[PDB]
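Chain and residue survey
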Amino acid sequence: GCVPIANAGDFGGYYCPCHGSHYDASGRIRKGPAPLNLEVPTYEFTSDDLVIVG
Amino acid sequence: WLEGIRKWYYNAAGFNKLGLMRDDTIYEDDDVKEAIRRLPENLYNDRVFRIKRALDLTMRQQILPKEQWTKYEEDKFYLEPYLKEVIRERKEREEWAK
Amino acid sequence: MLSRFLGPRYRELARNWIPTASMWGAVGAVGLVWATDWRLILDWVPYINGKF
Amino acid sequence: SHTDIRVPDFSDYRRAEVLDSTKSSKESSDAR
Amino acid sequence: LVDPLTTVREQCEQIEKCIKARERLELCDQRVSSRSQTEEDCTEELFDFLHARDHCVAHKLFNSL
Amino acid sequence: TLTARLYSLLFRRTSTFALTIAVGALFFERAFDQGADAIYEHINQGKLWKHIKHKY
Amino acid sequence: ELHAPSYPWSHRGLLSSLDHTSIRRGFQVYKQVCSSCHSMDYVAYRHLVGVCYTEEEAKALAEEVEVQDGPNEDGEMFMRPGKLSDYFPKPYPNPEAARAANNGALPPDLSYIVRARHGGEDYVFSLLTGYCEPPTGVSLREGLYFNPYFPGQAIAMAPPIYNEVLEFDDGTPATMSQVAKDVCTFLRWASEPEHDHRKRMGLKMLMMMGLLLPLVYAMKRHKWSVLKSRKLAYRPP
Amino acid sequence: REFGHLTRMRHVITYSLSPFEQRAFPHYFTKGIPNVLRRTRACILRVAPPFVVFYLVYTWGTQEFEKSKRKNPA
Amino acid sequence: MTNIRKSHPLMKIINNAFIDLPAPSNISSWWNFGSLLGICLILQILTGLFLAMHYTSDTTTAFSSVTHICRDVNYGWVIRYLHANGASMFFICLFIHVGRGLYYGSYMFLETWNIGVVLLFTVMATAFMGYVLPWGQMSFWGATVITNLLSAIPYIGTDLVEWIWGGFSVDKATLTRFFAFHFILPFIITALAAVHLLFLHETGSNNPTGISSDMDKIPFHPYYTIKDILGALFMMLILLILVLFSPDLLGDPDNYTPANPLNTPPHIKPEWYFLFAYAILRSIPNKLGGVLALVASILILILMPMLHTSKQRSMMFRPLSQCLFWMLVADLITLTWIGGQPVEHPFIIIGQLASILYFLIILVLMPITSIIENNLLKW
Amino acid sequence: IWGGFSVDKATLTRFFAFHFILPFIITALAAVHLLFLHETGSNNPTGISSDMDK
Amino acid sequence: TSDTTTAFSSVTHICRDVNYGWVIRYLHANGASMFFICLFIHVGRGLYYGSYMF
Ligand code: HEM
Ligand code: HEM
Ligand code: HEM
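Residues numbered from 1 in each chain as written, not as in the entry; some residues may be left out. Chains lettered and ligands numbered in written order. Part of a larger assembly, values for the part shown. Heavy atoms only, no water.

1. Things to note about the overall build of chain G
Test applied: Helix and strand labels come from DSSP, where a helix needs a run of H or I of at least four residues and a strand needs a run of E of at least two; each type is numbered from the N terminus. Contacts are assigned to residue pairs with any non-hydrogen atoms lying within 4.5 Å of each other. Shrake-Rupley sampling with a 1.4 Å probe provides the accessible areas, and residues are treated as covered by the protein chains on show and by no other component. Counting rule for charge: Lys and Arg are taken as positive, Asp and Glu as negative, and neither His nor the chain ends is counted. Note that the charge is assigned to NZ on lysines, CZ on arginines, CG on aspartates and CD on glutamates.
In terms of regular secondary structure, chain G is built from six helices and five strands. Reading the secondary structure of chain G in the N-to-C direction produces α-α-β-β-α-α-β-β-α-α-β. Referenced to the eigenvectors of the C-alpha coordinate spread, the extents of chain G come out at roughly 100 × 60 × 40 Å. When contacts within chain G are restricted to residue pairs at least 6 apart in sequence, those whose partners lie at least 24 apart make up 62%. For chain G, the accessible surface area stands at approximately 10,400 Å², while carbon and sulfur atoms represent 56% of it. Of the side chains in chain G, 26 bear a positive and 28 a negative charge, and the two mean positions are spaced by 23 Å.

2. Re the site of ligand 3
Note the cut-off: Any residue with at least one heavy atom within 4 Å of a molecule or strand is counted as near it. We define a polar contact as two N or O atoms separated by no more than 3.5 Å, with the added condition that, inside protein, one atom must be a possible hydrogen donor and the other a possible acceptor, whereas residues neighbouring each other in sequence contribute only through side-chain atom pairs. In this count, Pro and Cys sit with the nonpolar residues alongside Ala, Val, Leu, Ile, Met, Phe, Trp and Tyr, while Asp, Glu, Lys and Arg are called charged and the others, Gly among them, polar.
Close to ligand 3 lie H33, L34, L37, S42 and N43 of chain J together with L39, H42, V43, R45 and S51 of chain K, which account for all nearby residues. Contacts to ligand 3 include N43 of chain J, whose backbone N or O atom sits 3.0 Å from an oxygen atom. With respect to ligand 3, the side chain of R45 of chain K contributes an N or O atom lying 2.9 Å from an oxygen atom. Those elements giving two or more residues to the shell around ligand 3 turn out to be α1 (9-37) of chain J together with α2 (21-49) of chain K. The dominant element in the shell around ligand 3, judged by the number of residues it contributes, is α2 of chain K, at four residues. Of the residues in the shell around ligand 3, the class split is four nonpolar, five polar and one charged.

3. A short note on the UniProt feature "binding site: heme c 1" (unreviewed entry) in chain G
Going by this rule: UniProt positions are given in the numbering used here, feature names are shortened, and annotations may be inferred rather than shown by experiment.
According to UniProt, the feature "binding site: heme c 1" (unreviewed entry) maps to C34, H38, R117 and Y123 of chain G in the numbering used here. Tracing the chain through its elements places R117 of chain G in the loop between α3 (95-101) and α4 (120-129). Other than its neighbours up to four places away in sequence, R117 of chain G contacts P108 and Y123 of chain G together with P253 and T257 of chain I. Of note, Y123 of chain G is situated in helix α4. Here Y123 of chain G is in contact with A4, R117, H118, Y149, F150 and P151 of chain G, once residues within four sequence places are set aside.

4. Describing the coordination of the iron atom of ligand 1
Octahedral metal centres with six donors ideally show angles of 90 or 180 degrees, and tetrahedral centres with four donors ideally show 109.5 degrees. This is how the line gets drawn: Think of the donor list as every N, O and S atom within 2.8 Å of the metal, or within 3.2 Å for Na, K and Ca; water never makes the list, so a site can look incomplete.
Of all protein atoms, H97 of chain I (NE2) alone acts as a donor to the iron atom of ligand 1, lying 2.7 Å away. Considering the arrangement of structural elements, one finds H97 of chain I in helix α5 (residues 76-104).

5. Points about the interface of chain D and chain G
Condition: Salt bridges are defined as contacts in which a side-chain nitrogen from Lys or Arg sits within 4 Å of a carboxyl oxygen from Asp or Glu.
Listed per partner, the contact involves seven residues of chain D and four residues of chain G. Taken together, the links from chain D to chain G amount to zero salt bridges. Residues of the side of chain D that touches chain G, tallied by class, amount to four nonpolar, one polar and two charged.

6. Quick notes on the state of the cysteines
All names here are of chain E. Note the following rule: Note on disulfides: each one is a pair of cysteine sulfur atoms within 2.5 Å. Working definition: with a 1.4 Å probe on protein chains only, accessible area under 20% of the residue-type maximum means buried, over 50% means exposed, and in between means partly exposed.
Inspection of every chain in the model, using the stated rule, returns three disulfides over all chains. Each sulfur of the disulfide joining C28 and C42 lies 2.0 Å from the other. Where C28 bonds to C42 through sulfur, the torsion about that S-S bond is close to -100°, and the disulfide is left-handed. Of this pair, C28 sits in helix α2 (residues 16-34) while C42 sits in the loop between α2 and α3 (43-60), and the two are 14 residues apart along the sequence. The residues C28 and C42 share a single accessibility class, namely buried.

7. A look at the interface of chain G and chain I
In many reports, interface size means the accessible area that the parts give up when they come together. Our working rule: Joining two parts hides part of their accessible area as seen by a 1.4 Å probe, and the buried area is that hidden amount summed over both.
With 36 residues of chain G at the interface, the matching set in chain I holds 37 residues. Here chain G and chain I share an interface that buries about 3,200 Å² over both sides, 70% of which is from carbon and sulfur atoms. Across the contact surface, chain G and chain I share three salt bridges. Ionic pairing is found between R46 of chain G and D72 of chain I, a salt bridge with its closest N-O pair at 2.8 Å. Inspection of the region where chain G meets chain I yields twelve residue pairs in polar contact. Put simply, the parts of the chain that give the side of chain G that touches chain I at least two residues each are α5 (176-191) and α6 (195-228) of chain G.

8. Some points on the coordination of the iron atom of ligand 2
Residues and elements named next belong to chain I. Applicable threshold: In these descriptions, tetrahedral denotes four donors with every angle between 85 and 135 degrees, square planar four donors and octahedral six donors with opposite donors over 155 degrees apart and the rest between 65 and 115, and irregular any other case.
Only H83 (NE2) and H182 (NE2) from the protein coordinate the iron atom of ligand 2, and they sit 1.9 to 2.4 Å from it. Considering all six donor atoms around the iron atom of ligand 2, angles at the metal cover 84 to 177° and the coordination shape is octahedral. Here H83, found in helix α5, pairs with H182, found in helix α9 (residues 172-200); they are 99 residues apart in sequence, far enough to count as distant. Relative accessible area serves as the criterion here: at 19%, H182 is assigned to the buried category.

9. Quick notes on the packing of aromatic side chains
Residues and elements named next belong to chain I. So the rule is basically this: What counts as a ring pair is set by centres within 6.5 Å for rings of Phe, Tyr and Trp (its six-membered ring), and what kind of pair is set by the plane angle: stacked under 30 degrees, edge-to-face over 60, tilted for all other angles.
Applying the stated criterion across every chain, the model contains 70 aromatic pairs over all chains. Taking the centre distance of 3.8 Å and the plane angle of 0° together, the rings of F91 and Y273 count as stacked. With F91 in helix α5 and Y273 in helix α11 (residues 272-283), this residue pair connects regions lying 182 residues apart in the sequence. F91 gets classed as buried once you look at its relative accessible area, which sits at 1%. When its relative accessible area of 5% is taken as the criterion, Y273 is described as buried. Residues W272 and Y273 carry aromatic rings whose centres are separated by 5.4 Å and whose planes lie at 80° to one another, so their mutual orientation is edge-to-face.

10. Some thoughts on the site of ligand 1
All names here are of chain I. Among the 22 residues in the neighbourhood of ligand 1, the closest are listed as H97, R100, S106, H196 and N206. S106 has a polar side-chain atom sitting 2.8 Å from an oxygen atom of ligand 1. Between ligand 1 and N206, the relevant distance is 3.0 Å, taken from an oxygen atom to a main-chain nitrogen or oxygen of the residue. Going through the elements one at a time, α3 (33-51), α5, α6 (110-132) and α9 are the ones with two or more residues in the shell around ligand 1. Counting residues per element, the shell around ligand 1 draws most heavily on α6, at five residues. Residues of the shell around ligand 1, tallied by class, amount to twelve nonpolar, nine polar and one charged.

11. A short note on the environment of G166 of chain I
Residue and element names in this part refer to chain I. The residue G166 is located in the loop between α8 (157-165) and α9 in this model. Take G166: its relative accessible area is 43%, and that puts it in the partly exposed class. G166 sits eleven residues away from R177 along the chain, and the two C-alpha atoms are 8.9 Å apart. Non-local contacts of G166, meaning those with residues more than four positions away in its chain, are made with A173 and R177.

12. Some points on empty space enclosed by the protein
Residues and elements named next belong to chain I. Rule in force here: Using protein atoms alone on a 1 Å grid, points that fit a 1.4 Å probe yet trap it form a cavity, whereas open point sets bounded by protein on both sides within 12 Å along at least five of seven lines form a pocket; residues with an atom within 4 Å of a point count as lining. Grid points are joined across faces, edges and corners, and a volume is the space filled by probe spheres set on the points.
Counted under the stated rule, the structure contains six cavities of 30 Å³ or more. Considered as a void within the structure, the largest cavity measures approximately 180 Å³ in volume. Lining the largest cavity are 15 residues, with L102, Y107, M304, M315 and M366 positioned closest to its centre. Mapped onto the lining of the largest cavity, the elements with two or more residues apiece are α13 (304-307), α14 (319-339) and α15 (347-376). In terms of residues, the lining of the largest cavity owes the most to one element, α15, which gives four residues. Here the residues of the lining of the largest cavity are counted per class, giving ten nonpolar, four polar and one charged. Computed from the structure, the second largest cavity encloses a volume of approximately 100 Å³. Along the wall of the second largest cavity there are 13 residues; nearest its centre are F128, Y131, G142, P270 and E271. Elements with a contribution of two residues or more to the lining of the second largest cavity: α6 and α7 (137-148).

Here is the structure:
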């Protein structure tokens, strides 16, 4: 729960302030053992309008 | 050499410390049961008392004195021929069943 | 369970019970298909596929 | 041959109240 | 007001485990500051020093509290 | 002996054996709790609420 | 990974109870330092009676707070003085306001904080007393503080305790380590409020086992002596 | 399977004492301690070596794992 | 006239099961753990039912209901931690009981051995579903990992995992149905234990010598009722030491944190009595191969009678197979330790060698070594 | 039995627990019931023993 | 769920949202009544034919 800086980012779009696991636009861990980046779930990617996601 | 390895394993198995013979310890399946049923009465009675005595010993968590331990050269394989015959009869019935 | 059951009489027993066994296997297959409404298979049955 | 049968000595296991063969064991029975 | 923990920490820092770890830490501090851009960090060295100091301090602190 | 007397008076009959056990259970609960509690409050003397309540 | 040392707590021993005066001073620390950002959802005022406060003292402590009370005849919610049956006040209406007030971090509930951490009150004591400067090569974002005992060694809580952070009613200097020890004792009670009873029951159980196990062993061996002294003879024809 | 019809047994005599005639812990130490030591020598080389191997493997794995979290100068 | 103990239809069954049952006169303390198991079962039914008098299986109240049980219910902390450490004692007794069966060849009782395998699986399912009920972090995420393991199953994995969940993830429906299954399952376990004893009494108990003991049977009642009572008192001592002196020894602090589906714990381990299997599954890189190994590590108990290649039943007179048995116990201990550890160097290669060794012992080394022992005895 | 001063939360949860467990006790009692019945077999509408016509 | 804030709601949820939940609910409710109908007829039979002599 070391909440990132949502929608900003020192590197990209977010960044892990508590840890070093900063985030890019693809919300990628920059440096840290967090087992993955921000989870990218099942969605209907065709457009930000037309995403069922779930 | 296997007098060595075999006598060593006989000592290390330690049923001789209970006064047991090797054939006293065979797992009793059906073939072994028939082998025991065919045993002559004196052999059957000796086997039953040896087994009862060893059960009593292990109930007290005890072993016999070393002078009473089954010596390896005197372990009599009293049940081998009876078992061999029972097994041969079973093999005969199965070779027929084919 | 290795070769006591390996013989001429046992191959005859196998052949005798193979049609019954295969019929029972078809029974199991049809029952499993019908119980689960397995469309994968059931989409092929002419009139039954109307349910889908 | 049944007269050849003797009970083994149980002295090692006996309570001290009954170690003597020459004594009534009733005189300790209640205590035991 | 003075805190027990300060004086206990100094006394326990006078421990040779602490004395060795402190200059290991100060050689890390002399490197990482000399090198202009690195990934180290002297957290491991400080962790050794603090492990030693805090073992001694946990032995002696509650007596004055 | 004492144990002969105890057996003759209280143990021989099962009803009297049981009555002795019941009375003994009552008195044992009382004495054992008293002793165990005193031990626990001596080990933890001054630390418990009871020891310090009388200041508040 | 900097693991906490083992401190010689008064309650560490097997039959050793908590010191209840430290529990009382630790409630004063929680209720004057921690509570502004931490909740204790599962501890109510009534729980402190017979432990570190009398019922009158605890009723006045509940009176010191205002708690929201349910709908009126008109259907409005109102504020009333607290009661013994009331649980400890929550500093934030929801987790999101808690995170908003604390730079994105939600400060945890402390009812189980000692139980929910590896190392327990040792960890909490070392965390509260362990704020140092960041080492060479370590840089933390603003609003983060280096603590070697916190996983990652970057904690969103500023050092809460310091010398004379509060005043103690019994007059103890409120040195930082004293305040930490008191609050850690209180947190141990808040996680496990059966600790003293559990250990008194353990003492009784150990005594009862030390009596019964020899006695049941004697019963087993009295019945078994028939088999264990038994003699066997073989008299074949 | 009930008592009275389990096996045929012959020529076996058993002698037993009342539990009220004998003790429940006779020679409990003077004989029990040598028996425990005998029963320990009898099995110790069959039981112990696997647990020695586990101790060594556990010790090595733990110290090695902790030797990987250490900074290697680089 | 009759003895109603022998003539009365109910008392006749009781008499033949625990009073006039002929039992071997030499069965050791290791034969106590049957009666411990049935006692543990009863204890789990007793405390759990009293927990179920206060517990609620809604995810908004489950963790709170348990805190209420331990904080405000009279002696509810006693009942709660008696239940948790009684689950741990159940598994200790089960492992010792199965180890005794392996060592002494008790698996040659086919029906009661196979029913025992069924019982092992059902106790495991009950304990697993019970541990989710407090709805702590470990409850939630252990349920998450263990249930999503079942997605490895070909063609029906996702459908069956979602059906078990009753939804897209582990959630409210899963917790409520896990409470229902956790309630019902121990009574099915009771029925299976009764069937188990019915199959055992067909032959009676095996003994440490592995030799049939019918010439030296003693009545169950005076001897093994008192011996089983002493064993039960010793078991109670250990259980109460756990409950009253280290309630949290065998548990995990993260289950004192309410379940957070957003945050996952740094370590997600089962309980200790699952770690040996969790190691084996984690040793295999393939998801489905890992699940198959985690299932085979307990299904392999069904193979022991077919793997028996010794002329003797028990291990009492076979030093080499005793060596292999203690290696097997050591390998299970190292699998438990590995399963309690992260998946990183060196625990990965250690877990792999241990997982290989477990199967290599049971399936290969033990049979070949029994054959070698057979020839050393010249049969 | 209430667990309190009236019928309330404690009563409801304990009633759920007792209601869950009791039918299994009923199952065991029905098994004992049938065990006792089979000692004689069934009665019949005439009330006369029917061993000659089983 | 046996909490007093959710029991009525949980039953409503069973009858409105659980797939075939109203079937199971009202099957249970009327199977209790069928159980008592059968029990009363069973005991009446016992009284009428003297089955209590067992
Ligand atoms: C629900 C849990 C279980 C209970 C209550 C239970 C109960 C019992 C009891 C009371 C006995 C007789 C006493 C004894 O010899 O220990 C027994 C024997 C046995 N049990 Fe279990 N058991 C359980 C689980 C298992 C398991 C998991 C296995 C192994 C797969 C198993 C296999 C056996 C065997 C083989 C015997 C006979 C042992 C022998 O006589 O040598 N049981 N069981
Ligand atoms: C086979 C026997 C049983 C086993 C092995 C078992 C196991 C467990 C375990 C491990 C837990 C989690 C304990 C914890 O919080 O750490 C648990 C919880 C629970 N069990 Fe069981 N259980 C059994 C029987 C029962 C029965 C029969 C009931 C109901 C009558 C029950 C009711 C509960 C309840 C209500 C909880 C939640 C309360 C709690 O977490 O302590 N259990 N069980
Ligand atoms: C749990 C509910 C019950 C079940 C499952 C049950 C089951 C049975 C069954 C299967 C039979 C044999 C078939 C028959 O004659 O009906 C039977 C017979 C009998 N039941 Fe019940 N029963 C129950 C309740 C009762 C009740 C409430 C009584 C009255 C006190 C009772 C007394 C009898 C009697 C006397 C017989 C023998 C009737 C005869 O043969 O004439 N049972 N029961």
